[PDB]
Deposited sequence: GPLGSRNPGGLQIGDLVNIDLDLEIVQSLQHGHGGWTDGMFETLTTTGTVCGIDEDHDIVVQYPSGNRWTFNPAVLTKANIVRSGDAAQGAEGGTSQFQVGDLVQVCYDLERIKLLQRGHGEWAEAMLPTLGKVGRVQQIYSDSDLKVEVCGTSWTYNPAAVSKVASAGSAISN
């Protein structure tokens, strides 16, 4: 069936989902189903894990960055630093192109890394970083990435 024809309850916690859609369509469908913020660019290139269904029947999805985002079910398709640090790549394409000048440069094959998390593999003497993002390592300006706190502040049970 077409987009939106999935049976309610056809996704459960632990299911893997992706987004195949263009941003503009995601934004339309997100109206009244949680909206869009640019922090969500991760979701267009990362496989998420269903972690809940809210009262209004929208799907809450968990990302390796630690972030959880709420989606219209129709959007989803069922599927300073230290070495080892989990870091998130800047999602702003314009900014990152400028930061990458002289710091490893921007290659178009890096486009999917926007907004994604990866792992620091090596820190160069001049402070640039080798970061592995979904199996491929790139050189980044450290200003082009942020240390990730998965869950953030501690919450008592």
Point to revise | Deposited-sequence segments unaccounted for in the coordinates | key: 80-96
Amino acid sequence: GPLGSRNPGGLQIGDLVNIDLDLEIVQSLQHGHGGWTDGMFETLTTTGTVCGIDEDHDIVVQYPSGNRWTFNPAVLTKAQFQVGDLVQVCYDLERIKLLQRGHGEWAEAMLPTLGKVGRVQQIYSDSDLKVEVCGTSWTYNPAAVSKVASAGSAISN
From here on, numbers count along this sequence of modelled residues.
Review point. Do the CA atoms of 145-153 or those of 130-138 have the higher mean B-factor in the entry?
Key: 145-153
Review point. Can you tell me which stretch has the higher mean Cα B-factor, 34-42 or 60-68?
Key: 34-42
**Study point:** Out of 51, 110, 98, 120, highest CA B-factor residue
**Key:** 98
Exercise for review: Within this chain's modelled residues, let me know which third the CA B factor of residue 76 belongs to: lowest, middle or highest.
Suggested key: lowest
Practice item. Among all modelled residues of this chain, ranked by Cα B factor, put residue 24 in the bottom, middle or top third, i.e. lowest, middle or highest. Key: highest
**Study point:** Chain thirds of CA B-factor: placement of residue 4
**Key:** lowest
